[PDB]
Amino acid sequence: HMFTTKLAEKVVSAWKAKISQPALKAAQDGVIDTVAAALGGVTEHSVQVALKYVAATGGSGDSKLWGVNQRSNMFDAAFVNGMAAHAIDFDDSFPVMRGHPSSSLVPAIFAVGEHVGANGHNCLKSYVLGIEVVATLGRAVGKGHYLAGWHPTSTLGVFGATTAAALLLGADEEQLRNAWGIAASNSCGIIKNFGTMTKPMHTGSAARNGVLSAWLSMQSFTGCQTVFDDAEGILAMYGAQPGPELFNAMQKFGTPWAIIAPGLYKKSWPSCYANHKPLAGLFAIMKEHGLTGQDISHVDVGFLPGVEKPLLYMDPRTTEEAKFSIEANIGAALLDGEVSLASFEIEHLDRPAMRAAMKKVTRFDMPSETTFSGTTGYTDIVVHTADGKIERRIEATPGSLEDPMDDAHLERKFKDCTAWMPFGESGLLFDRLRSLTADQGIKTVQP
């Protein structure tokens, strides 16, 4: 009769069974995208401070810190790597959760999987199942949680990381239920911290707390075993309707896997998803009409209810703030004809030409009776030119199943994020990442 008990049963049963090759491919791709995003951000101050924290702990272990020749214990590796995976806002999104599940899950899987000597098939399976848990919780809580000011990336993401870690550590149903209980008291993170270094800490903390919750569970450390149930349970606290309605969230568990439908949404640009339909539209108009930024006097960008929320900065002053500014995103597109890893570097952001481009951009509300997100809905833009206004509606979100990132584009993203690596090492890492599908030991990958 308990939602928590039923979910743990479904998860552990699926763990013991074979899982579809399409699910494992989707997981493989998620790993590559998440490691790419991390390696594109390891120079950020946030990550550099995370490394200082590791020095300050005196900790040691066998779990690799990505992008540096250092290892630490599984908890602190998950912290550092989860920070890194979110540091430049280039990791995936997941509309069912309204957040970024992979930037906690993948770090947790590498940290624990390296510690226990797991092989690729099981690592990838644990990712599929962690995503399935996050999708279930996301469906249960619905739209209000994010709108209330919580960052579901961490508030719900911690349970994904917990699930995968617990499975890899050998949890049974009881240990998994206990782990989720522990994790529920470590579910945190708020949207008001967007545009600061605390945002990537959400995923570092969620990864670390997921690993810790699972590890504690294996030591007979107790937490509530029905933590998703009842008004007192964390899902109700976050706005779910407790009781029989909850079970609707898991009615199609694994049929299909949420990692395949709607799937992980892979970012084409390192910034908030609310920028992305606008950018796709703008680049399309520029390409189709043969316009550069010099031919465009203004761009109006529309937002459905609930979509503009994270775009907190109209005049961003730091690299982190710029990722949450449509003005900076569209301004860079107009000035440079592209948005890249370098676009939000403080040196580029502070260019006088960039500040002028940003002034060409205005926001407007699009009417609706319901609310949407950066990864859903549709966008209206208006591009002003010498010969009049060009209006466009963008229906497909870049990275969704309606505008998916294919293998060639994912490889190019990986290449771009790892351009700093020394001769040949990016290619070799890419091949090793892909070997998880061949059941290679995850410890051999060493990102």
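The first residue of the sequence shown is number 1, and the count goes up from there.
The mean Cα B-factor in the deposited entry runs higher for 168-176 than for the other of 168-176 and 264-272. Judged by mean Cα B factor in the deposited record, 320-328 ranks above the other of 150-158 and 320-328. Comparing the listed residues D416, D62, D33, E44, the entry records the largest Cα B-factor for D62. The residue among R208, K277, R355, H86 whose C-alpha carries the highest B-factor in the deposited model is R355. Compared with the other modelled residues of the chain, the Cα B-factor recorded for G130 ranks in the lowest third.
The entry lists a Cα temperature factor for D380 that places it in the middle third of the chain's modelled residues. Sort the chain's modelled residues by C-alpha temperature factor and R412 lands in the lowest third, per the entry. Compared with the other modelled residues of the chain, the Cα B-factor recorded for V116 ranks in the highest third. Sort the modelled residues of the chain by CA B factor and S187 lands in the lowest third.
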